[PDB]
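Colleague: Just dropping this structure here.
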Amino acid sequence: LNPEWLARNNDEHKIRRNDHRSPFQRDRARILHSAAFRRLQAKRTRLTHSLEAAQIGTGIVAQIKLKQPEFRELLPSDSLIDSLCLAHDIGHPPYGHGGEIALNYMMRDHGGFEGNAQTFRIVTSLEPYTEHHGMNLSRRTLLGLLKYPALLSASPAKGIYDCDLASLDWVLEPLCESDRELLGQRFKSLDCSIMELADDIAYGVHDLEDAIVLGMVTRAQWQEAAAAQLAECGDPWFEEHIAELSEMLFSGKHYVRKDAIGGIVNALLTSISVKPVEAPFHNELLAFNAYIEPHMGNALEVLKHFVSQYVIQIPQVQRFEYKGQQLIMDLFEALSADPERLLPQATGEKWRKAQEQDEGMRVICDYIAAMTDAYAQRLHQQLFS
Amino acid sequence: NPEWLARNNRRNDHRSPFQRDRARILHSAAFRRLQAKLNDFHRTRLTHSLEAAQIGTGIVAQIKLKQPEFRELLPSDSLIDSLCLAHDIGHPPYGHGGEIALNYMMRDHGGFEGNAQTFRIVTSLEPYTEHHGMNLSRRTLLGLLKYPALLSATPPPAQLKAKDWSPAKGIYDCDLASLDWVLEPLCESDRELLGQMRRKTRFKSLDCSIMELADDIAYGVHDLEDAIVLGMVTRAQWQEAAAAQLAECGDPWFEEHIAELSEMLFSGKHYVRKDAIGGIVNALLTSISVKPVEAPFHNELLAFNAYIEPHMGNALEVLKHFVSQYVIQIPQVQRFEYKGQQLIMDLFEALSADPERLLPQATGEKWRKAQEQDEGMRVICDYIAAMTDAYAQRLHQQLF
Ligand code: NI
Ligand code: NI
């Protein structure tokens, strides 16, 4: 595969002579040392979720290159698939989905807000590892973060901000004309298909375990909603093992729940394969995605839907999101009231510079999107309490 | 010997023993707790451990390039990763302040010490297995013995003074079985030399000497950047303390580059400061080699350590001393530790007043079982030792 997929947007820095690491190992190190990644500890934290996703992602790849050796060379290296799972959630705003909706509404006339768009914007521009190119990651890694590789102009709509079109053009630059015109038509790269599967499996299964010990789900509710749906989900392993897994998850002993969680995770990984994308792509990274076997896919959706209605769709969480979304709107209206006097001094400078292109609002949105919940509340207390 | 890959206790899992140790540590509750221990600063013990791990793998890469003789002996990436991810697992709430309190409250029951606690967590407390903690491979455990002696080998009397109750360093006597297991494939001559004192132990394995250097480099440099932007050190204090001492430290690179390094650190631009940090880190890494240990050790993991070049050692010691003088030994940090040590001592005295009634039920049950051996206090100590600051603050409020 083309060495253009290993390239960075800028070559000003020179790799040290003693440094024999791959471009993707350097990408992983950049993300791990970045302020955006460290913030995931505030946001079982988002950093914990991303570490689990990285381990599943490398487990998926290891499993695929055993069942399909022909693709051993095509598949992402361990440090690349790690990089996409450590970076995938850096763009989420304070207060999760409540934060996203507020920011999107406050930007309704200036490009909106969306978390995956924000991830792309952080790594290509906001993280100041370089002065002008963010973390300046290699092209293939950047392509792996484009879960929706079209512009938003084409709840927020998934896409890339128009203010980042230059860096999106750079990422897709080595693709032939027709591959680019299919991409905007729903479509994603192989590496990103793997990262997505790792993220869902981690969400479905690893949120579930401490939901049990915290008492947020009792055995009756697991049997009534998840365990019954899985006995009829159509995959033979789950229909066979569901009863035995339900007793391990409610064992009350960690060394038994761990065997259940490990068994569920492993069953999902072994049901993933590379199949051809069903469209006339020429580039191998868009012609193939990783897919989970459909029945095993049904079981994953039972786990995802179950964790969402008993961990997320409960009033204690939903009231916190309502608070968060009111709180974010308060900050946005105050800061845009007089940005130059209320923003931190450095952010005020970027706002002045950004106003020559009438992008002052995107700067305020960047600033809020990068706050933790503790930072936003304290800022809210400084402006209103 | 393959005995170093053995544990105390799937078809498609073709990972090395050290890759499995890394995954266990990454998944452990003990590791996740390091995230807890108006700006946007989020440097934790967890981030400190990731940076140490990345320096550790870089150290191994430099040794395998300059000293091929040692390529079979040096630790794999995941083994050095595992030792840096775990090195800070045993630290109690409130850092040294917590440690002083627990040690004083355990004065008659084996004491408390963070490295001992780290050994105790991975060999027993973390409930990944029923009876052997994370059940790590023998060589990984050996890499964690920064002080491979018992606290019986390594009393103060008489408001509390920090100097009087800083713990000796070593392994708890109640974990002797798991220590005996780790040292089992050693000849008697290596074993009686390993517990030799300089009381302060003198020796450690090659894997652990590498982790110690990576930890020391991480502590020295990666605290330094945020100290500068938070205003905890001014340009003037950097010149008088660090820069002047580095101009006379004896290493030519630092004497040559200090002037330009100081202007880059105070540039005010992250993309410039990182190049100073990267160059300091790289200058330190590239100055490490494996040499023989000055003791007639027979086992190769004990006959060789990694050492930093001495003049380079002075530069590292200037940086470590500087972060201690302007980031740690400041009244703002020390009062937080005094408060924490008063807090830890309150929890211990209340909980030991009646453990069955006040402990959470699961910990109360462990306390009852442990009283058959009269080791109840260590159970209270493990419980307090595994709290975060926030959990301890909440428990304290429920009690006072
Ligand atoms: Ni995610
Ligand atoms: Ni450390």
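By convention here, the chains of the structure tokens are called A, B, ... in the order presented, each chain's residues are numbered starting at 1, and ligands are numbered starting at 1 in the order presented.
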If we count only C-alpha atoms and set the cut-off at 9 Å, which residues sit around residue A:167, ignoring sequence neighbours fewer than 4 positions away in its own chain? Please answer as a count of residues only.
Modeller: 7
Colleague: How would you report the residues lying within 8 Å of ligand 1, as a list in words, if you count only C-alpha atoms and all ligand atoms?
Modeller: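 Based on only C-alpha atoms and all ligand atoms, ligand 1 is surrounded within 8 Å by residues 46, 49, 50, 53, 85, 88, 89, 199, 200, 202 and 203 of chain A.
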Colleague: Give me the residues near stretch 378-383 of chain A as a PyMOL selection string, where near means some atom within 8 Å (using only C-alpha atoms) and where sequence neighbours in that chain fewer than 6 positions away do not count.
Modeller: (chain A and resi 327+330-331+334) or (chain B and resi 38)
Colleague: Excluding same-chain residues fewer than 5 positions from residue A:271, what lies within 9 Å of it counting only C-alpha atoms, as a PyMOL selection string?
Modeller: chain A and resi 266+291-294+296-297
Colleague: For those residues, write N, CA and C atoms to a file as a JSON list (two decimals), in the first residue's frame.
Modeller:
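File written: again04.json
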[["chain", "number", "residue", "atom", "x", "y", "z"],
["A", 266, "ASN", "N", -14.95, -12.35, 24.18],
["A", 266, "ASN", "CA", -14.29, -13.26, 23.25],
["A", 266, "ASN", "C", -15.26, -13.83, 22.21],
["A", 291, "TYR", "N", -16.94, -6.75, 9.75],
["A", 291, "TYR", "CA", -18.35, -6.89, 10.10],
["A", 291, "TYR", "C", -18.51, -8.00, 11.13],
["A", 292, "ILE", "N", -19.50, -7.81, 12.02],
["A", 292, "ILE", "CA", -19.85, -8.84, 12.98],
["A", 292, "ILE", "C", -20.93, -9.69, 12.35],
["A", 293, "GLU", "N", -20.88, -10.98, 12.64],
["A", 293, "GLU", "CA", -21.86, -11.90, 12.11],
["A", 293, "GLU", "C", -23.25, -11.42, 12.53],
["A", 294, "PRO", "N", -24.23, -11.45, 11.62],
["A", 294, "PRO", "CA", -25.52, -10.79, 11.94],
["A", 294, "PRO", "C", -26.18, -11.26, 13.24],
["A", 296, "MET", "N", -24.81, -12.70, 15.89],
["A", 296, "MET", "CA", -24.00, -12.16, 16.96],
["A", 296, "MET", "C", -24.19, -10.66, 17.05],
["A", 297, "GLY", "N", -24.45, -10.02, 15.91],
["A", 297, "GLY", "CA", -24.80, -8.61, 15.91],
["A", 297, "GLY", "C", -26.08, -8.32, 16.68]]
Colleague: Determine, using only C-alpha atoms and all ligand atoms, which residues of chain B have any atom at most 7 Å from an atom of ligand 2, and tabulate each with its shortest atom pair and distance in Å to one decimal place, rows ordered by chain and then rising number, as JSON lines.
Modeller:
{"residue": "B:48", "atom": "CA", "partner": "ligand 2", "partner_atom_place_in_ligand_line": "1 (Ni)", "distance": 6.6}
{"residue": "B:49", "atom": "CA", "partner": "ligand 2", "partner_atom_place_in_ligand_line": "1 (Ni)", "distance": 6.7}
{"residue": "B:87", "atom": "CA", "partner": "ligand 2", "partner_atom_place_in_ligand_line": "1 (Ni)", "distance": 6.5}
{"residue": "B:88", "atom": "CA", "partner": "ligand 2", "partner_atom_place_in_ligand_line": "1 (Ni)", "distance": 5.9}
{"residue": "B:215", "atom": "CA", "partner": "ligand 2", "partner_atom_place_in_ligand_line": "1 (Ni)", "distance": 4.9}
{"residue": "B:216", "atom": "CA", "partner": "ligand 2", "partner_atom_place_in_ligand_line": "1 (Ni)", "distance": 7.0}
{"residue": "B:219", "atom": "CA", "partner": "ligand 2", "partner_atom_place_in_ligand_line": "1 (Ni)", "distance": 6.5}
Colleague: Using only C-alpha atoms and a distance of at most 7 Å, pull out the residues of chain A that contact chain B, as a ChimeraX atom specification.
Modeller: /A:38-39,41,128-131,254-255,375
Colleague: Write out, as a compact mmCIF listing (two decimals), in the first residue's frame, the residues just selected, with N, CA and C atoms.
Modeller:
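Final file, selection-v4.txt:
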# COMPACT_ATOMS: atom_id res chain seq x y z
N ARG A 38 -5.63 13.21 28.21
CA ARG A 38 -5.61 13.23 29.67
C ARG A 38 -6.97 13.66 30.25
N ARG A 39 -7.70 14.53 29.55
CA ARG A 39 -9.00 15.01 30.02
C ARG A 39 -10.02 13.89 30.15
N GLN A 41 -9.87 11.34 31.79
CA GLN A 41 -9.96 10.84 33.15
C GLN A 41 -11.06 11.53 33.96
N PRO A 128 -2.23 21.61 20.66
CA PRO A 128 -1.13 22.41 20.14
C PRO A 128 0.20 21.66 20.16
N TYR A 129 0.21 20.37 19.75
CA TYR A 129 1.47 19.65 19.60
C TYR A 129 2.30 20.26 18.48
N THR A 130 1.65 20.69 17.41
CA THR A 130 2.28 21.55 16.43
C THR A 130 1.51 22.87 16.43
N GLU A 131 2.08 23.87 15.77
CA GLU A 131 1.49 25.19 15.78
C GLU A 131 0.27 25.28 14.87
N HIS A 254 -15.98 -11.07 42.05
CA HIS A 254 -15.37 -10.49 40.85
C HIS A 254 -14.67 -11.55 40.01
N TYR A 255 -13.99 -12.51 40.64
CA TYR A 255 -13.26 -13.47 39.83
C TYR A 255 -14.18 -14.39 39.01
N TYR A 375 -14.77 21.85 35.31
CA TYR A 375 -14.39 23.17 34.81
C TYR A 375 -15.60 24.00 34.41
Colleague: Env of residue A:366: 8 Å cut, atoms = only C-alpha atoms, seq-sep filter 4 positions within chain, self excluded. Answer as a PDB file with C-alpha atoms, in the first residue's frame.
Modeller:
ATOM      1  CA  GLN A 118     -14.874  17.866  17.225  1.00  0.00           C
ATOM      2  CA  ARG A 362     -16.515  28.376  16.632  1.00  0.00           C
ATOM      3  CA  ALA A 370     -12.989  21.027  25.723  1.00  0.00           C
TER       4      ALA A 370
END
Colleague: Please provide as a ChimeraX atom specification all residues within 9 Å of stretch 135-150 of chain B, with the sequence filter that same-chain residues fewer than 3 positions apart are discarded (counting only C-alpha atoms).
Modeller: /B:3-9,17-18,20-21,24,79-80,82-83,86-87,115-116,118-119,122-124,128-129,131-132,153-154,169-173,176,179,181-183,194-197,200-209,211-212
Colleague: Would you mind listing what lies within 8 Å of residue A:339 as a ChimeraX atom specification, with only C-alpha atoms counted and same-chain residues fewer than 6 positions away left out?
Modeller: /A:348,351,364
Colleague: Ranking B:166, B:351, B:152, B:280 by minimum distance to residue B:55 and counting only C-alpha atoms, which one comes first?
Modeller: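 Comparing B:166, B:351, B:152, B:280 against residue B:55, the winner is B:280.
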Colleague: By how many Å are atom CA of residue B:248 and atom CA of residue B:52 apart?
Modeller: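 Atom CA of residue B:52 lies 27.0 Å from atom CA of residue B:248.
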Colleague: Of the candidates B:325, B:371, B:159, B:16, which one gets nearest to residue B:338 if we count only C-alpha atoms?
Modeller: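 Closest candidate: B:159.
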Colleague: At what distance in Å, to one decimal, does atom CA of residue A:111 lie from atom CA of residue A:321?
Modeller: 22.7 Å
Colleague: Per DSSP on the backbone, what are the alpha helix (DSSP H) residues of stretch 1-66 of chain B, as JSON, numbers by chain?
Modeller: {"B": [17, 18, 19, 20, 21, 22, 23, 24, 25, 26, 27, 29, 30, 31, 32, 45, 46, 47, 48, 49, 50, 51, 52, 53, 54, 55, 56, 57, 58, 59, 60, 61, 62, 63, 64, 65, 66]}
Colleague: I'd like to know which of A:272, A:267, A:31, A:190 is closest to residue A:136, using only C-alpha atoms.
Modeller: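 Comparing A:272, A:267, A:31, A:190 against residue A:136, the winner is A:31.
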Colleague: Could you tell me which of A:206, A:352, A:30, A:188 comes closest to residue A:123 if we count only C-alpha atoms?
Modeller: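 Going through A:206, A:352, A:30, A:188 one by one, the smallest distance to residue A:123 is for A:30.
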Colleague: Using only C-alpha atoms, which of B:243, B:387, B:344, B:381 sits nearest residue B:110?
Modeller: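 Of B:243, B:387, B:344, B:381, the one nearest residue B:110 is B:381, counting only C-alpha atoms.
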